[PDB]
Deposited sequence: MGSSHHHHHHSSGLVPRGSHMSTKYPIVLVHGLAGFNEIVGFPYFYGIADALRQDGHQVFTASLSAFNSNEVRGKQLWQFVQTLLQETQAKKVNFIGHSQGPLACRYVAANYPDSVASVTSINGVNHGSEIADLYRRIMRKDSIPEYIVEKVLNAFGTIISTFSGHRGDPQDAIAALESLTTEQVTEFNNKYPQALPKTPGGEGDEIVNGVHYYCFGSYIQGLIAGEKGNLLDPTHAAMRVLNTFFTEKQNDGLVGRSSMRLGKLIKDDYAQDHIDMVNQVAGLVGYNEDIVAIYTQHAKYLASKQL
């Protein structure tokens, strides 16, 4: 097991209550079976990255007091990695590692497009309908409601807002776009994972029964970056040392969603347990 406890981090504080199961579906369970100490920080989605960073620091302070651990190994997804980067930047002595999994480390082109849609910035009406319906299909599958207050979550994840975030917290960002950052910055280890939607939809296996997957493929087509997971471009995910980012998976497939339904019979959970063992091998 890892020297320092693992902290799974995501945005959407209410996910577990509203949906009825975890954001990192089946992943904390798997990690505990391999003897790791695991905790989950569910952060507020409808505010800034810096506010989520402060929220996570308070979580971490309370966790460290309760574990007598010196540091934490962050594994984050989407929003999570930015909040992890805030804590690591400001409180490096308490952070053993930041692992970014499909993190919005340089902004989301879909977030950019939603702002344009909300501001009515000359977005053709046929495009407006495909994006909102794709988002509604994704949210309905989780919440169970049959019906776009989601702008609240995407506001902080635009290319403009994340560029501003990166300006304050540049640690471990790649010098060249789509490249690799420094593995160790100020004592803290940084790693990234990623994915992008690949292949024709027919050969997706498990995802054929996941209504969110077709929705992610619609959103995929509106990116300027062709390699994207439906919400984030491949290059935008990069932070610190790359492990692997060519998985044929959409954004939520990489957190084993919906409820285990993923692409191409890939063992998503094994990505997390193998990385946990890798962290252990690095004396973390």
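- In sequence order, the gaps in C-alpha coverage of the deposited chain fall at 1-21, 169-170.
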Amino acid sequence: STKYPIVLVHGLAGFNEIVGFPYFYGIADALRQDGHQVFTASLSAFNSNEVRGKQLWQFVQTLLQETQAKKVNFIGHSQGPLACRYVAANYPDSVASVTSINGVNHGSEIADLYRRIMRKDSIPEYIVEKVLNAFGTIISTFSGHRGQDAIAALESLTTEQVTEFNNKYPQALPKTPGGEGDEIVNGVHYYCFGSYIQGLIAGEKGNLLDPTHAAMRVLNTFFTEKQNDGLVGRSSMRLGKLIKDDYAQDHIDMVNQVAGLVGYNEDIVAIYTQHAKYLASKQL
From here on, numbers count along this sequence of modelled residues.
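- For the two regions 74-82 and 170-178, the entry's Cα B-factors average higher over 170-178.
- Between 222-230 and 28-36, the higher mean Cα B-factor belongs to 28-36.
- Of the candidates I138, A111, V98, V87, it is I138 whose Cα B-factor is highest according to the PDB record.
- Across the options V104, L154, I197, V128, the residue with the most elevated CA B-factor in the record is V128.
- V162: CA B factor lies in the lowest third for its chain, per the PDB record.
- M118: CA B factor lies in the highest third for its chain, per the PDB record.
- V269: CA B factor lies in the middle third for its chain, per the PDB record.
- In the PDB entry, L208 places in the highest third of its chain by CA B-factor.
- Annotation for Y91: CA B-factor lies in the middle third of the chain's modelled residues.
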